Structure formats: C-alpha cells, structure tokens
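In: Following this: a sequence and the matching experimental structure.
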Amino acid sequence: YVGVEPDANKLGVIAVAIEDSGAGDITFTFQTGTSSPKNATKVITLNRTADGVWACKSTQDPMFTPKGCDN
Amino acid sequence: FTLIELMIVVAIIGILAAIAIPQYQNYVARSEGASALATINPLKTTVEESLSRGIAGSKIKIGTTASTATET
C-alpha cells in the first residue's frame, strides 16, 4: 500500500491500477468542488508499459500542464 | 422708523439675494458612482477566492447567511 489515502490531496483522488504483467497507470483526477474550474475533471496519468517505461500524460490545458508531462 | 431705513433694508435684502448657485447634481452623481464602485469592488475578492478554492460559481451568492464549506 502506498501509505496515503485516495483523498489525501483534497484537489482530487489518486487511483493506482497496475496489471499483473507490470503495465498500469497512476491517475490524479481533479474533483469539482475542491479544484479550480480550469483544472476540474482533468486527469494526470503516469502510464507504465509492460517493458517498464514511464510516461506522463495530462488532459489539462497546455499552458497549465506541468513540465515533463505530455499533453 | 424712516423710509430711508426701510429702503436700505430692502436694498440689502436684494443684494443678499441674487447669490449665484452653481451646479451641484454632478457632485452628487459622481459621489454616488464612487460609492457604488467602492461597494461592489471588494466582491471581486470573494468571487475570485471562492473560485480558487473550488466552490462552484452557482454557489457564490449574496447575503448574510453563514457561508459553509460548499456555499459562499
């Protein structure tokens, strides 16, 4: 267990879904009512392939997307 | 009482009148506009802060009701 609650960050919940093959993603979905309207219902995904390659994908606006995460 | 006494009084009454009264409604209108702007200006802070904290725009109302965690 990662040691934190899904709602530890009030901005949104965190979901960890890793398959047995090693492929999976870690998502942070901003929740309406606790996040700014621009970032509401947006997802930041840390996708991991079965080969162990980590990539960051974000559905936010390109201006608001943090560095190192593709949009 | 003499007629010269009363005529001097009448003349001074006329002189004390005729004092030009300048326009004054412009001052009142400008003060009203300034008061309205100063009244609604701080409401920008409330709306921006509530939107920053995630409160829905439809939940930002006007009134003295105690604001909750979801309503402002």
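Out: Looks like it arrived, so ask away. Numbers count the residues shown, from 1 in each chain, chains lettered A, B, ... in the order given.
In: Going by C-alpha atoms from here, please, whenever you check contacts or count neighbours.
Out: Will do.
In: how about residue A:14, phi and psi?
Out: phi -120, psi 130 (degrees, to the nearest 10).
In: ditto for the one 10 residues further on
Out: Recorded main-chain torsions at residue A:24 are phi 180, psi -180, according to degrees, to the nearest 10.
In: Kindly report the same for residue B:50.
Out: phi -60, psi -40.
In: Tell me which residue in chain B sits closest to chain A.
Out: Of all residues in chain B, residue B:54 sits closest to chain A, at 4.2 Å by CA to the nearest CA.
In: what kind of secondary structure is that residue in?
Out: coil (DSSP: H, G, I helix; E, B strand; the rest coil).
In: Residue B:10 versus that one, what's the distance?
Out: 75 Å (CA to CA, to the nearest Å).
In: quick one, which of these two is more surrounded?
Out: residue B:54 (20 against 12; other CA atoms under 10 Å in any protein chain shown).
In: Contact partners for that one?
Out: With contact set as CA atoms under 8 Å, 6 or more residues apart in numbering or on different chains, residue B:54 has these partners: A:32, A:33, A:34, A:35, A:36, A:37.
In: can you list the residues of chain A near chain B?
Out: A:32, A:33, A:34, A:35, A:36, A:37 (CA under 8 Å from any CA of the partner chain).
In: Name the nearest residue to the third one, sequence neighbours excluded.
Out: Closest residue in space to residue A:34, ignoring its immediate chain neighbours: residue B:54 at 4.2 Å, by CA to CA, 6 or more residues apart in numbering or on different chains.
In: Distance of that neighbour relative to residue B:60?
Out: 11 Å.
In: Repeat that for residue B:11.
Out: Taking CA to CA, one finds residue B:11 at 66 Å from residue B:60.
In: Comparing the two, which residue is more hemmed in?
Out: Between residue B:11 and residue B:60, counted using other CA under 10 Å, residue B:60 has the larger neighbour count: 16 against 11.
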